[PDB]
Amino acid sequence: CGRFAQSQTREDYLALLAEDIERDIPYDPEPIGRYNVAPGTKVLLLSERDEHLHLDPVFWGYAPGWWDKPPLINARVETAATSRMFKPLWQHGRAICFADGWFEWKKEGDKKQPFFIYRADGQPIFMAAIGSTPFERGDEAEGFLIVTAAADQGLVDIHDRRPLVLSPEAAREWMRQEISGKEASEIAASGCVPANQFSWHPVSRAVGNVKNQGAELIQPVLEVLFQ
DNA sequence: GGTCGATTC
């Protein structure tokens, strides 16, 4: 995906993740407050280094000096583990981006309708990410990407790809530095949350413009002509 | 060496 919401407190996401390792993240009850998180901004990103959990603001986008196109923001789970470009990130740069849900735009002719997608059980999500370590250096070009997967079941009607969303136990496993690239692939295949676990609904077209940042951007909208 | 966000006063 290329847009999501990360609006609640750090402890809301961290309590669900339920890490048992030392946390190097100070207590902060203030909501992050972002309802329209866009590529090319710094995003709070979870990772594990020195056996400790860290939360760093990392650029969403990845463009090495040799890359002469716009920065990539997604990496396909089908190929990233063996990609010449993505393999080092898959091996050493795994991370987690937590969120309330994400946005997708459904082409309905020459008109695109945004939907907000989120867990049917009301819980937030952990999106699998890969990126350039060390994350704490604040690199302006080599940040992170959200791993994507084929849309399954109901989601393919909205759009053909989806973020790789991991259940909390798999998000913990994903971040561990001790596991191999092949093990990470097994975690991606074992912890991916199926589409029937999500709910989705149209939202205001205003979310399309990244200048718009209100909490109403995830609120649903009834779209019948006759009302 | 790749991928799917909109917007463009």
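Residue numbers start from 1 in every chain, and the chains themselves are labelled A, B, ... in the order their sequence lines are given, proteins ahead of strands. These numbers come from the heavy atoms of this one structure, side chains and all, not from hydrogens, waters or symmetry mates.
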Selection from [options] that lies nearest to any side-chain heavy atom of [X]:
X	options	result
A:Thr148	B:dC4, B:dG5, B:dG2	B:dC4
A:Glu104	B:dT3, B:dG5, B:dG2	B:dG5
A:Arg3	B:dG1, B:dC4, B:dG5	B:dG5

Does A:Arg137 have more than 12 heavy atoms from other residues, nucleotides or ligands lying within 6.0 Å of its CZ?
yes
Report which part of the nucleic acid A:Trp67 touches: base, sugar-phosphate, or nothing (heavy-atom distance under 4.0 Å, all strands).
base
NA contact type, A:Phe4, heavy-atom cut-off 4.0 Å: base, sugar-phosphate, or nothing?
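A:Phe4: no heavy atom of the nucleic acid under 4.0 Å.
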Please enumerate all residues that pass side-chain hydrogen bond (donor to acceptor under 3.5 Å, both in side chains) together with [X], with sequence neighbours excluded.
X	result
A:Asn212	none
A:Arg10	A:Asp28
A:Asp24	A:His54
A:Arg162	A:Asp152

Under 4.5 Å side-chain linkage, directly or through intermediates, the cluster mates of A:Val207
A:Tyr35, A:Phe103, A:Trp105, A:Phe116, A:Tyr118, A:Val203, A:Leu217, A:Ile218
Identify each atom pair where a protein N or O and an N or O of nucleotides 7-9 of chain B are less than 3.5 Å apart, giving names and distance.
none

Between A:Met85 and A:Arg161, who's closer to the 5' end of DNA chain B by nearest nucleotide?
A:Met85
Which comes earlier along DNA chain B counting from the 5' end, the contact point of A:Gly2 or that of A:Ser83, where each point is its nearest nucleotide?
A:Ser83
Donor-acceptor contacts, no H, no angles, side chain residues 185-194 of chain A, under 3.5 Å, sequence neighbours left out:
| from | atom 1 | to | atom 2 | distance (Å) |
| --- | --- | --- | --- | --- |
| A:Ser185 | OG | A:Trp90 | NE1 | 3.4 |
| A:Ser185 | OG | A:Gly181 | O | 3.3 |
| A:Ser190 | OG | A:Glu186 | O | 2.6 |

DNA chain B-proximal residues of residues 68-76 of chain A, any heavy atom under 4.0 Å:
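Those residues whose heavy atoms fall under 4.0 Å from DNA chain B, taken from residues 68-76 of chain A in numerical order, are A:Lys69, A:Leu72, A:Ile73, A:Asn74, A:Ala75, A:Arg76.
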Would you please name every residue forming a salt bridge (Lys or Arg N to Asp or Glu O under 4.0 Å) with A:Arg34, sequence neighbours left out?
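A:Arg34 satisfies salt bridge (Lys or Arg N to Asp or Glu O under 4.0 Å) with no residue once adjacent residues are dropped.
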